[PDB]
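Residue-level listing of the chains:
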Amino acid sequence: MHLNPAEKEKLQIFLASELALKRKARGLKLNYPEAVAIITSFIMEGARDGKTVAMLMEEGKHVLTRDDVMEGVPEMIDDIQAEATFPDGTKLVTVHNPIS
Amino acid sequence: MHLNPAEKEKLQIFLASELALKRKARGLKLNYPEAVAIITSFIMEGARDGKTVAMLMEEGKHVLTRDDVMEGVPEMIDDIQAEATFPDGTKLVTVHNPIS
Amino acid sequence: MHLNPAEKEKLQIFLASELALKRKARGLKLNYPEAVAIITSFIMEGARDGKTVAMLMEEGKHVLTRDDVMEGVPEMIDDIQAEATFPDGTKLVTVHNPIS
Amino acid sequence: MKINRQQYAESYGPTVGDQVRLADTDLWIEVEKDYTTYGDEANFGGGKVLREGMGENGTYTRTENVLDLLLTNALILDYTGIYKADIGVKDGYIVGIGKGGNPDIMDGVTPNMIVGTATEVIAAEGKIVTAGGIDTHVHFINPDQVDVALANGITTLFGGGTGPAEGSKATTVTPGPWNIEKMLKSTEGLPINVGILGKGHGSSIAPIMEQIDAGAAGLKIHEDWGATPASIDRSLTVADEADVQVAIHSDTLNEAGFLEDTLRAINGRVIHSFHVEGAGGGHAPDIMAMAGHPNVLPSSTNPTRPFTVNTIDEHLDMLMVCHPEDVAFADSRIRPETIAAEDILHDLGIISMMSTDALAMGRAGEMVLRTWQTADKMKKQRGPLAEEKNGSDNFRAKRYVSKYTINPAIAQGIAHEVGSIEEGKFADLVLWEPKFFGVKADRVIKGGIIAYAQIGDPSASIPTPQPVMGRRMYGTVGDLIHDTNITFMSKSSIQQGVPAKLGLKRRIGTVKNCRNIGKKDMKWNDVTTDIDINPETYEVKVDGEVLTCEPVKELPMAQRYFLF
Amino acid sequence: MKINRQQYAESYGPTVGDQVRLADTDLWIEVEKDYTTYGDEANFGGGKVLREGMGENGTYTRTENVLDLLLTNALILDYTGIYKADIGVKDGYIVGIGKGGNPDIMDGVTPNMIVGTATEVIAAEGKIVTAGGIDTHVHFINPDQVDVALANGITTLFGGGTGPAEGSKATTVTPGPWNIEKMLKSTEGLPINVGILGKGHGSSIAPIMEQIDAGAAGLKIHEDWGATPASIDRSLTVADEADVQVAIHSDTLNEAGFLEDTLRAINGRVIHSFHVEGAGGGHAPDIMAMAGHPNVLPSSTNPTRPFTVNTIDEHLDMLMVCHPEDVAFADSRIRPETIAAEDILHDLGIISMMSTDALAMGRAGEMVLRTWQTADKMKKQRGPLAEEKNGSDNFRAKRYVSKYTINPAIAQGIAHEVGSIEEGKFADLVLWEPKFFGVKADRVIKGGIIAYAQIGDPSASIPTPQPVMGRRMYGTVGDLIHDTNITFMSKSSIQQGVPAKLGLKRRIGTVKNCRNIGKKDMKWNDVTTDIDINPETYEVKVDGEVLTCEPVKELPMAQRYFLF
Amino acid sequence: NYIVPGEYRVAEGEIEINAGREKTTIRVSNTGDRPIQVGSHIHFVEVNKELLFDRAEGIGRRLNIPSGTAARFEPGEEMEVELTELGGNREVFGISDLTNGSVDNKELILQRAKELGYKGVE
Ligand SMILES: [Au+]
Ligand SMILES: [Au+]
Ligand SMILES: [Au+]
Ligand SMILES: [Au+]
Ligand SMILES: [Au+]
Ligand SMILES: [Au+]
Ligand SMILES: [Au+]
Ligand SMILES: [Au+]
Ligand SMILES: [Au+]
Ligand SMILES: [Au+]
Ligand code: NI
Ligand code: NI
Ligand code: NI
Ligand code: NI
Ligand SMILES: [O]
Ligand SMILES: [O]
């Protein structure tokens, strides 16, 4: 596979996101790290799909809403950032205030 | 996400449990580490759901039975212990003889 | 669980394979590391199922075809090798030219 | 030109009279005073103040009153106060708390806090800064325990162990000269401060004392090695001669004596009483009465902290990794009455310290976490303390922060080096985002260099992208691990040249002044009293008054934060 | 007062006549004798025996017959016997095997096994304790290989390599003075014992000998560097002068000679024949005939161990990470007849040693695992050995444990330090739960300190919660890695001051006494015989008798245990 | 045929502890209001002051129970226990500081016991 350090670390984010999504599927309001994992994994999968940075900046504001997360979590998350390989190479996505 | 060391390690248990559950779904009798992963992940997900220590001590005795595992595995597992964050903080769950 | 070093590392391969399979399910042509993960995990799960080395050497040539992967990927992958515990202990499987 | 207060606090962190919530608790701390000059605040970045000729002095060499590091705009939470200041570090020590910058052009600059060519900057605006936590009940069982401790703001581990040997798994003991030397060598590779306790057991002086001379920093008396009148007496005779502390886990079984017998053997000498509530060990059922005595420095371990609906059940099966005589023993040992009363004794200043009991019956990364959970539960049940003003919890906050910073340092004889944000002390500092306060440290500074940080993708353009996790930083790498950490040792081992003899390159700290202290020396936690524990009902009274509390179903600093 | 045997064994581990199953095999070992005094067994914990004034002596300083560490109630499995004893360690060496405790009050205490203030305790009741494994066929290709070895109970790596260079990937060779010095320096960071083999190739003495003087512990002759008559002869001349061992992987191609030519070049001198069956390399097809000669110390590498349904197929494609002439070569090299016979030669004591061939054609963490699989297969096919009594497999167990402990140590010239649980030897010890025996070590002790352990969550109240995995312990951290591990070196390099010259801080072990040994010196595996390998059919005969075996479809110590 | 990995097959019979040593049965009272557990290998005369028994009968002795186990006395409980003889050198040091030498020194042990108020010295 030739995994480099970032590829190994980022597998963890996907895994946390899978864990969080199962928790959400069984009706739990999500916590801080769960919420961050879900939105971060959404961004990296979006880049893998070939979306633009601009699309992911918009879509990242609509992955989770306040009713999906515990009290205070929306206000704990000011930004989520992720770097991933787009068709045109690595780019940084920043989503400001992803959950209202 | 702010993962601390235990949060990173414990992702592995969830992952082993997912692997074991797929193995069980395709009709395999489960081995020692597979069995331990399934019951351990069950406990930590139970704490995340807000169950009490007392409930998980009872339920942990009924997650796998001897017909789900290979010969000798029930007798190899004297106890399974896991710590997880309950609504009232970290607590230890010990399940004695989880598989008969 | 008593995980040894190889058991911990190899969890990563299963995880990469799960990630790759979701990518394939949503219609993406798979890349080099995705392809290698899928075929490698197939082999280790095959050994867990109790197949022979000979079966997995044949089956490994038919897990992905050229239409499942991006241009050039078939030619990038000359062999995939994996060691796993068969019913008769650890054995090495090598699949030559797994994707045509 | 005026700045309203909301914007001021956003930009520079809060100022006098402003309050800050601690994580998701209902505790509020209030800025008591501020060392700044409004308009000359220090800050770093493009077009900002700490630039050559401006807030950065371009004239002075590092020797001329210039800092190695300035933390700008820190909200300090310490036994000494809750206040806003810049913190200046040099030679790995806190040298100035005040107002940093350039006396060329700024008013109110603390004279030894010049930002110069030699000065690094950490922005602490909007952060709370505390001393590193001092955990005095550590079992050295698994080296993975160190990062766990660092991630929750702990910077000093005092205890014993050789790894997962049964002696070490039960007791904070590194026994004898050879095991001690081996663990001092091991310590060279651990990115945290350390002091090692020898075995406080024997009926002749020399087998005990030789551990102190070999480089132990104290002793542990533990019932599993025989917490008899003789072992107690010989250990305290050694400690009085060597100027080190003794910790005790007393005879739970009451085999050779009851509590009054243990106090008689102690004979008015100083001692640190571990897990004084007694679930973690000690005279059944009345050990907690220790905490009323003037010569006792009392600590809690953390699993009883605070009292919750799952506490008893978890402790019940926990005492089975151990197992009619068994049930009776368990029932005599795990007591809702004493665990309940333990909450209130903390709030009253009767138990002076927290600690973990890491990997033996306590959680390496939860000393700080549970201190604040306890304070929050006490505010919810008891209301603001009488002493409070302005609707703040400053008094309770100083009482509780003392339990894991200054009080353990005083008890152990190391408060001249560590345990508080004061001038002259080693620069072990923890930055916290208020939203993560007491849960997950932002940056842990050891001897003036960051050792541990929650930080993101190392392959990214900037350090904030995911995944953000706890990681060892440059202070832990190569030889810098030696300069940023302290091995605390007895005066005799230092005078006998043990560091050179073993090739230790770590900073060597001297244990001293811990024979001449008592309960009265515990900051904000100095209360002596008659504690009665009813032998039939286990009801706890303090000067004739019954102390009851009740368990809570939920805590802050829990499921909002943790992935498992 | 009497204790029935079931409860006795539960509490203190088994005693004389009791049997224990090895993992999930059908091998049973029986306690041959017990050094205890019934009623004075040592044990540690609350209200237990090793307490001051009781089983722990409170009088004696560490010099007075007091131990640094006692392993209580160990079931020892060793070439020297299968028996119950306490094991006492001091200064990193085994000093006493017998009965530990306090002569004040106990009968039968071995005089130098006093538990004192200085003594740490490991509870070994219910554990099997063996020597650390000695792997003499190691390619140093990937540092991740060390934990793999530790997790399966290996404590000494002998071999060669500079990392994943092609020379090292094919051969156990660190070539020449500079590569050797560099790898001795590297070794300072590896938490296992090490000895390095130079290149056993050349036609003049000096290019070979200078490797020994630079600090190599032996030589490797490998066909990939030219396993010619000259290289064999010059290497053995060097080895006879330097008192180090030579390992050989002979000329598979028969280019410069057949087996008889190789034996002529050897000329009756001592040599270790690697992977003697020959799949791993050597004169096609008859290399295995080496194992009959009195001057040959024969080892197997592990992938042929034991013979199973998948063995041939895996070896066939394995020899393609390599590739009519190719097929013929492969068919001449991978032979069911010799692999089958290799099983039986192990059982008969004709092949004396196991080894890995780690990362070149063998598995770093499966030397011990496959030794027991082989013994179990042989019992299933051949029945109990003639020599057995009492329905036990003690004789086979001593023959097989010898193959990876004492016999490699003898062959390499290091058995004065390592390879067995005997008084006077270095305290490299592996504890095993019987249910995991030979699969996953519980605790690996290096020089008297735990180096590696299967242990759980470092953030937990106790060390048993999940996840339980192999982890490095304090023996591996900081400077303690130097005191707990041995670099084995030639006498000449030691006399010439190479350790000081390179700044090595590890314990330095002397290679010696390995020119004056033969097959007869291999414990329980000392059989010399005429081995005939038919050149047409590859049929193996031993003194005129045909040896056939058959592959098994399943092994114990496999899918019940492993996650992959 | 069912395989329990690592199981024991113990031999038949029983293990006699402390074989060949004199045994002595005595009555012992916990006069205290808190429980007392006494381990197998504590010099019996040096146990908790509030245990009342004939202290002379505990000299040179310990409980005749399996190594590492303990007898339990609830508050106010009186019961019989069986003692066996100490072995080795028959010396005790430390613990409660009543002996610090040979156990043969009965009069000196009892004098210290009585002075410090260990119950049941005659
Ligand atoms: Au306990
Ligand atoms: Au316990
Ligand atoms: Au119970
Ligand atoms: Au029960
Ligand atoms: Au405990
Ligand atoms: Au080959
Ligand atoms: Au090859
Ligand atoms: Au072929
Ligand atoms: Au072919
Ligand atoms: Au090969
Ligand atoms: Ni304790
Ligand atoms: Ni403790
Ligand atoms: Ni070879
Ligand atoms: Ni090799
Ligand atoms: O403890
Ligand atoms: O090899």
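In terms of determination method and resolution, the entry is listed under X-ray crystallography at 1.800 Å.

Here we take up the packing of aromatic side chains. Summed over all chains, the structure comprises 25 aromatic pairs over all chains. Residues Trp372 of chain D and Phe437 of chain D carry aromatic rings whose centres are separated by 5.3 Å and whose planes lie at 65° to one another, so their mutual orientation is edge-to-face. With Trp372 of chain D in helix α11 (residues 367-382) and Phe437 of chain D in the loop between β16 (429-432) and β17 (443-446), this pair connects stretches of sequence that are 65 residues apart. Assessed through its relative accessible area of 0%, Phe437 of chain D is described here as buried. On the numbers, 5.7 Å between centres and 65° between planes, the contact of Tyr35 of chain E with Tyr83 of chain E is edge-to-face. Taken as a pair, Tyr35 of chain E in the loop between β3 (28-30) and β4 (69-78) and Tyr83 of chain E in strand β5 (residues 81-90) lie far apart in primary sequence, 48 residues in all. Of the residues examined, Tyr35 of chain E reaches a relative accessible area of 34% and is grouped as partly exposed. Assessed through its relative accessible area of 7%, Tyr83 of chain E is described here as buried. Site record: aromatic cluster; members linked through ring pairs are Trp372, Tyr404, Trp432 and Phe437 of chain D. Geometry around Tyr400 of chain D places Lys403 of chain D over its ring, the cationic atom sitting 5.0 Å from the centre.

With that settled, the discussion passes to the UniProt feature "active site" in chain D. Within this structure's numbering, the places UniProt gives as "active site" are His323 of chain D. Within the secondary structure layout, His323 of chain D lies in the loop between α8 (311-318) and α9 (325-333).

Another point: the coordination of the nickel ion (ligand 13). All names here are of chain E. Within the protein, the atoms that donate to the nickel ion (ligand 13) are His249 (ND1) and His275 (NE2), at distances of 2.0 Å. Taken as a pair, the nickel ion (ligand 13) and the nickel ion (ligand 14) show a spacing of 3.7 Å. One end of the pair, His249, is in strand β13 (residues 245-249); the other, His275, is in the loop between β14 (271-273) and β15 (296-300), and 26 residues separate them in sequence. A residue is classified by how much of its surface remains accessible, and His249, at 4% relative accessible area, is buried.

This next bit is on the coordination of the nickel ion (ligand 14). Every protein donor of the nickel ion (ligand 14) is accounted for by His137 of chain E (NE2), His139 of chain E (NE2) and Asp357 of chain E (OD), and the metal-donor separations fall at 2.1 Å. Note that the nickel ion (ligand 14) binds four donor atoms; their angles at the metal cover 81 to 149°, and the shape is irregular.

Its place among the elements puts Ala558 of chain D in the segment after β24 (545-547). Residue class for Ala558 of chain D comes out buried when judged on its relative accessible area of 1%. Through-space distance from the C-alpha of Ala558 of chain D to that of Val542 of chain D is 32 Å; in sequence the pair is 16 residues apart. Not counting chain neighbours up to four residues away, the residues in contact with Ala558 of chain D comprise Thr85, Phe86, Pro87 and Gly89 of chain B together with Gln373 of chain D.

Turning our attention to the side chain of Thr15 of chain E. For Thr15 of chain E, the location among the structural elements is in the loop between α1 (5-12) and β2 (19-21). Here the side chain of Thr15 of chain E touches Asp34 of chain E through a polar contact of 2.5 Å, side chain to side chain. Contact partners of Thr15 of chain E, with chain neighbours within four places excluded, come to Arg5, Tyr8, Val31, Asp34 and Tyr38 of chain E together with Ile15 of chain F.

What the rule picks out here adds up to 113 salt bridges over all chains. Of the charged contacts in the structure, one is a salt bridge between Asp49 of chain B and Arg26 of chain A, with a shortest N-O distance of 2.8 Å. Residue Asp49 of chain B is found in helix α2 (residues 32-49), and its partner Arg26 of chain A is found in the loop between α1 (5-25) and α2 (32-49); the two belong to separate chains. With a relative accessible area of 37%, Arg26 of chain A lands in the partly exposed category. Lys435 of chain E serves as the salt-bridge partner of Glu433 of chain E, at 3.9 Å between the closest nitrogen and oxygen. Classification of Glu433 of chain E as partly exposed rests on a relative accessible area of 24%.

Conventions we followed
- Residues numbered from 1 in each chain as written, not as in the entry; some residues may be left out.
- Chains lettered and ligands numbered in written order.
- Part of a larger assembly, values for the part shown.
- Heavy atoms only, no water.
- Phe/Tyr/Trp six-rings, centres within 6.5 Å; stacked < 30°, edge-to-face > 60°.
- Helix = DSSP H or I, 4+ residues; strand = E, 2+ residues; numbered from the N terminus.
- Buried < 20%, exposed > 50% of the residue type's maximum accessible area, 1.4 Å probe, protein only.
- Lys NZ or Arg CZ within 6 Å of the ring centre and 35° of its normal.
- UniProt positions renumbered as here; feature names shortened; annotations may be inferred.
- Donors = N, O, S within 2.8 Å, 3.2 Å for Na, K, Ca; no water.
- Tetrahedral: all angles 85-135°; square planar, octahedral: opposite > 155°, others 65-115°.
- Contact = heavy atoms within 4.5 Å.
- Polar contact = N/O pair within 3.5 Å; in protein donor to acceptor, adjacent residues only side chain to side chain.
- Salt bridge = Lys/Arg side-chain N within 4 Å of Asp/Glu carboxyl O.

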